[PDB]
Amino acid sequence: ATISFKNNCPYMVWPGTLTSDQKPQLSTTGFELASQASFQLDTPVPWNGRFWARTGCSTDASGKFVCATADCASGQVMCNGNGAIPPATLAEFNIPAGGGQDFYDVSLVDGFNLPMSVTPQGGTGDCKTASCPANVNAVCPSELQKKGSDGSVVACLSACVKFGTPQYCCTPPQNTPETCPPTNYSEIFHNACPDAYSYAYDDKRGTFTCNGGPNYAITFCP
């Protein structure tokens, strides 16, 4: 797939990319994307991995790159095989060989930092847009807020990130959909962004799918 990024936010973001399970990384693991700018990359086929976008970034006098949200802690713009430190909104992909069924999503399993959508381009089937377009920070309860130096909410933890327990993370012994039902916390994310995964076993898991090697547009602040 060709992945086309568009930053519709009024602020610069710094996307990160990751191939899962230490399979080969994409041509870039992270880059700068100005407000209203676009960038494209191609994925291998098959590919399994994810994307996010950082905000509040600078480089210190030592050359270390550090961001307020979704920092990947590589010390560089490129994330180099590191994932985002939560909270971070994620765009996730599983693309098989041979034109079969892609699975994709936008997920708040690791919390929220900025809104984003994933839109298939071409392909066949349902090919629904995956999205969290809302400012989830505006409905984030105190216990889940990540605050800025001025007291504003810059990101929202998921209950898994905050508390780490099986009920919220769906780890054993709550490692099946029936044993890990939604909670008051996943509901907050589902209500704000019903077209994004609200927790590990969101009942829309697997319903964002598209056949035939589609391309994808990833839009920040859609």
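Start at 1 with the first residue shown and count on from there.
On average the C-alpha atoms of 171-179 have higher B-factors than those of the other stretch, with 171-179 and 152-160 being the two compared. Looking at mean Cα B-factors across 59-67 and 27-35, the upper value is held by 59-67. Between the residues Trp14, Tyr11, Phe208, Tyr199, it is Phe208 that shows the highest Cα B-factor in the PDB record. In this structure the maximum Cα B-factor among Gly75, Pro133, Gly123, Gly111 is found at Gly123. Ranked within its chain, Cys127 lands in the highest third, by CA B factor from the PDB record. Sort the modelled residues of the chain by CA B factor and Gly49 lands in the lowest third. Annotation for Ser107: CA B-factor lies in the lowest third of the chain's modelled residues. When the modelled residues of the chain are ordered by C-alpha B-factor, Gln145 sits in the middle third.
Ranked by C-alpha B-factor against the other modelled residues of its chain, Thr89 falls in the lowest third.
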